[PDB]
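> Experimental structure and sequence below, a few questions after.
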Amino acid sequence: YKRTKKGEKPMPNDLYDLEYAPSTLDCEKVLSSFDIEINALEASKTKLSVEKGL
Amino acid sequence: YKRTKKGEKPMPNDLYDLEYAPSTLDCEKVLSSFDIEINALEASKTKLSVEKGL
Amino acid sequence: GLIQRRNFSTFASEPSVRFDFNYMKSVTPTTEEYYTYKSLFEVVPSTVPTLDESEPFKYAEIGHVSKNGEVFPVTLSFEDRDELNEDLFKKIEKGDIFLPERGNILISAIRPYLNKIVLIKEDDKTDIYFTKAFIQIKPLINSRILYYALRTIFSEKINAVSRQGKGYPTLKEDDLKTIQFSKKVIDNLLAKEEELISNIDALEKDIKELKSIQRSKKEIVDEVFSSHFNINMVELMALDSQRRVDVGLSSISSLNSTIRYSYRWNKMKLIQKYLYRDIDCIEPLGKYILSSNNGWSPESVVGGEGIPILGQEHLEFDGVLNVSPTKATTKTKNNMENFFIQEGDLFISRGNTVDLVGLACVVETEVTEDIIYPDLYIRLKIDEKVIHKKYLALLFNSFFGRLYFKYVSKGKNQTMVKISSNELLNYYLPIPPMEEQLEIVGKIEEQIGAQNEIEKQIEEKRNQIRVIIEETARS
Amino acid sequence: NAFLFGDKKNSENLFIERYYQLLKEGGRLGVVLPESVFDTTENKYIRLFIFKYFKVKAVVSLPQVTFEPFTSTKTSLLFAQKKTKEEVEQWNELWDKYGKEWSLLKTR
DNA sequence: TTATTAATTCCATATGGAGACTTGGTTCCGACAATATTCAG
DNA sequence: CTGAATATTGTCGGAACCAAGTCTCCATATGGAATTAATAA
């Protein structure tokens, strides 16, 4: 960090490195979230396609 | 003036200027301190010369 | 100050009815010619440039420009995105970047008194971008003419329309579109256009030639000691990079005499083991020092009345005192004569940054005026038979006197790092025979003398340009 | 009345001494000290204390930006263990023997 | 006995400071144009 | 069904500034410089 009287700012940490990639990840949760978002976008596309047909 | 976390600092005065002459001082009031300045010194001279002869 | 008197009406001038003292000082009644921004320059609106994300471009802040209009661009790539330059990339992505159109005269908005006016000459290459804090002002009466008419002359009036406003002195394009440029200036300057550009180009070509061979005042001291002691220049700045110094308990006591176990002390000991691998000349300085004083640093007023006092800015990398006092005191100490410099002294610097601590200087100037040196100096009176004071000062200003005092000097506030007599007396400097000395000195003396000789020629042609412009615009 | 150096007018070092009164003969000690403790001579005593009772094991020099914009004061992390009851007495025995040697040598 | 260092108090120097000052130009909120939408009777 | 809405985006204005670079002026023990009563002698 480099904090100042206006705010914080990232700098290259020499003390330690963050994990970034978690050791454990709920893969099915992530897949289901992506499936939900793509299904929502597909439903929006289908609704607007029905509107286009009308 | 010239202020700093270590006390003020005199600078030239562009706005105004102090008279520095009271123009209301009595006269003999300060002459009392003036003659005390010599009275104390001559008293010390006497208080050493008394035992000088001793 | 001033007893300027004006008349309500005046503040009617300009579409912001402003009545700060500076503007109203610049207004004055006028009887001569007027002009406007019309028959001269023209402000250019900003635009977002199409940056190519495959090649290293350039960029230029306001600090990257100098008072002489010499841009020093930095080279970014968009393939690095390092967190050190991340601010630059972020402000570029924000939209704080544009590209001059080869003929405009960029003017800085913030603090316009520091001559940040720069010229993008027509015939050139290696296009450089710029910050929106610069004002594209592309002219119609030839770029060079307007550039030289704005740099030296027409500067008391660009600086008198700035917005102080509880902070930054700042110039605004709208105010910039209101200056009352006289015609006699441009009339006379364009009248002599055919030869003014020629001789000014010759002068700036000579300036470029001088700058091409100009060298820094520290590298000269850095190379001769490197070229005389046979030490490679690319390892002591590579050994100083790795930071994993490991020491034992036994090594703490060695030559310590105060049990100091800070990291910087151990790294100093490691670097000393490298700077003296092949050099066999090292002798303790403690047995060549005969005395040590500090100085006297009372309260001081800048440009006041009293005995002048030196500062840390007066010690340069060449072992010569700058003896250009600024502060002046009026206090007494009943022993002031003990600190009145006098020629021949050696003054090491106690108290400065981690890199500017230990810089010594010899008073080589003859001054009949008594000048006090502060508590921030240390006067060394060494035997003038083995050390040759000037050589000692040059060594202190060399990497020998940098890689040591950067890692031995003490204090919790590393912004005012200070040395003490202990580090001076426990300093194992390499002292070659007196024959070897006066050779490093002398060589360094002539090299720095040449560098200083071409330091007034630059500020002789750069002044010749200004005086020629002033004479031509006044004839 | 509870600190060996409780009269040095350097009260901020008392905490270090306090840390000896809290650990349990092998207790880890991680402190953010200033670099005056490690550099200046006036603190030599508190450096001997740490070298007598503790088992100094790691020193890390942090930049002058860590505690900014509140202070540019340099800092160092000190990671020291605490010696057991026998290590301190071994140090005392060695100190006494070599001090006797030093006294005899100084007289001679 | 006439010394005596080893005890003292008294100032000039030396070391250090949760530092402090100074030249100069950078981030960034915050209005504010220009959207940025209209629905709505 | 004409509308100039509001509703955001994206961008000029502007900062009891303040991040960078680097010079300081002053408390405070010290230690030595003066004693001392000691100290043999």
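The structure has been received and is ready for your questions. Residues are numbered from 1 along each chain as shown, chains lettered A, B, ... in the order given.
> Around chain D, which positions in chain A sit nearby?
Selection of chain A residues close to chain D by C-beta under 8 Å from any C-beta of the partner chain yields A:2, A:3, A:4, A:5, A:15. Just so you know, the C-beta spots here come from the backbone N, C-alpha and C atoms, and that holds for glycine as well.
> Could I get the residues you listed in CSV, plus columns for secondary structure and distance to DNA strand E?
Shown next, in CSV, are these (DSSP: H, G, I helix; E, B strand; the rest coil; distance: C-beta to the nearest atom of the strand, whole Å):
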residue, secondary structure, distance to DNA strand E
A:2, coil, 11
A:3, coil, 11
A:4, strand, 8
A:5, coil, 10
A:15, coil, 22
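> do you know how far the residue nearest in space to the middle of chain D is from residue C:245?
By C-alpha atoms, centre = their mean, chain D has its centre lying nearest to residue D:50, at 2.5 Å. From residue D:50 across to residue C:245, the span is 19 Å (C-beta to C-beta, to the nearest Å).
> How about residue C:408?
For residue C:408, the distance to residue C:245 (C-beta to C-beta) stands at 14 Å.
> Tell me which of those two has more neighbours.
Higher neighbour count among residue C:408 and residue C:245: residue C:408, with 25 against 16, using other C-beta atoms under 10 Å in any protein chain shown.
> Show the contacting residues for the more buried one.
Contacts for residue C:408 (C-beta atoms under 8 Å, 6 or more residues apart in numbering or on different chains) come out as C:264, C:265, C:268, C:419, C:423.
> helix, strand or coil for residue C:273?
The three-state label given to residue C:273 by DSSP: H, G, I helix; E, B strand; the rest coil is helix.
> if we can go back for a sec, quickly name whichever of the contacts of residue C:408 is closest to chain B.
residue C:419 (23.1 Å; C-beta to the nearest C-beta).
> And the helices in chain D, which stretches?
Shown for chain D, the helices assigned by DSSP state H span residues D:14-22, D:36-39, D:44-53, D:85-107.
> how far does the last one sit from the chain's center?
It stands for helix D:85-107. Distance of helix D:85-107 from the chain centroid (C-alpha atoms, centre = their mean, to the nearest Å) equals 19 Å.
> Can you pull up the residues of the stretch 301-450 of chain C that come close to chain B?
With C-beta under 8 Å from any C-beta as the criterion, the stretch 301-450 of chain C meets chain B at residues residue C:301.
> Which stretches in the stretch 301-450 of chain C count as strands?
With strands called from DSSP state E, counting those that start in this stretch, the stretch 301-450 of chain C shows them at C:301-302, C:307-309, C:327-329, C:346-349, C:360-362, C:377-382, C:428-430.
> Could I get the contacting residues of residue C:350?
Per C-beta under 8 Å, 6+ apart, neighbours of residue C:350: C:294, C:357, C:376, C:377, C:378, C:418, C:419, C:420.
> Show me the one in the residues you listed that has more neighbours than the rest.
When neighbours are counted by other C-beta under 10 Å, residue C:377 leads the contacts of residue C:350 with 29 neighbours.
> so what's the residue nearest to the centre of chain D up against?
D:16, D:56, D:78, D:80.
> I'd like to know how far the third one sits from residue D:46.
The reference is to residue D:78. For residue D:78, the distance to residue D:46 equals 11 Å [C-beta to C-beta].
> and the contacts of residue C:350 near chain A, which?
Restricting the contacts of residue C:350 to those near chain A - C-beta under 8 Å from any C-beta - leaves none.
> Quick check: the two most widely separated of these?
Farthest pair in the contacts of residue C:350 (C-beta to C-beta) is C:294 and C:357. Separation: 15.0 Å.
> I'd say residue C:266 and residue C:248 touch.
No: distance between residue C:266 and residue C:248: 10.3 Å, which falls outside the contact criterion (C-beta atoms under 8 Å).
> Of these two, which one has the most company?
Legend: neighbour count by other C-beta under 10 Å for residue C:266 and residue C:248, higher for residue C:266 (18 against 6).
> Near the residue lying closest to residue D:56 once chain neighbours are set aside, how many other residues are there?
Residue nearest to residue D:56 in three dimensions, not counting chain neighbours: residue D:80, with 4.7 Å by C-beta to C-beta, 6 or more residues apart in numbering or on different chains. Residues within reach of residue D:80, counting by other C-beta under 10 Å, total 22.
> tell me the contacts of the most centrally placed residue in chain C?
Per C-alpha atoms, centre = their mean, the C-alpha nearest to the average position across chain C is that of residue C:66, at 10.4 Å. Contacts for residue C:66 (C-beta under 8 Å, 6+ apart) come out as C:72, C:116.
> helix or strand for it, which one?
Here residue C:66 is covered by no helix or strand, with elements defined by DSSP states H and E.
> Give me the three-state assignment for the closest residue to residue C:179 other than its chain neighbours.
Of all residues not flanking residue C:179 in the chain, residue C:157 sits nearest, at 5.4 Å (C-beta to C-beta, 6+ apart). Secondary structure assignment for residue C:157 (three-state DSSP): coil.
> My read is that residue C:157 contacts residue C:178, right?
No: using C-beta under 8 Å, residue C:157 is not in contact with residue C:178; the gap is 9.9 Å.
> residue contacts, the residue nearest to residue D:56?
With contacts defined as C-beta under 8 Å, 6+ apart, residue D:80 is in contact with D:29, D:31, D:50, D:54, D:55, D:56, D:57, D:58.
> those helices in the stretch 151-300 of chain C, which residues are they?
For the stretch 151-300 of chain C, helices defined by DSSP state H, counting those that start in this stretch occupy the ranges C:173-176, C:183-191, C:193-212, C:219-228, C:236-239, C:250-253, C:263-275.
> between the ones you listed, which one is nearest to residue C:310?
helix C:219-228 (21.0 Å).
> And the closest one, what does it pack against?
Other elements packing on helix C:219-228 under the criterion 3 or more C-beta pairs under 8 Å, 6 or more residues apart in numbering or on different chains; DSSP states H and E are helix C:389-397, helix C:440-456.
> re earlier: list only buried entries from the contacts of residue C:408.
Buried by 16 or more other C-beta atoms under 10 Å in any protein chain shown: C:264, C:265, C:268, C:419, C:423, out of the contacts of residue C:408.
> Name the nearest residue to the last one, sequence neighbours excluded.
It stands for residue C:423. Closest residue to residue C:423 apart from its sequence neighbours, by C-beta to C-beta, 6+ apart: residue C:408 at 5.1 Å.
> Distance of that neighbour relative to residue C:239?
Applying C-beta to C-beta to residue C:408 and residue C:239 gives a distance of 17 Å.
> how far away is residue C:122 from residue C:101?
Applying C-beta to C-beta, the value for residue C:122 to residue C:101 is 10 Å.
> so residue C:367 makes contact with residue C:341?
Yes: between residue C:367 and residue C:341 there is a contact under C-beta under 8 Å: 7.2 Å.
> more neighbours, those two?
residue C:341 (23 against 15).
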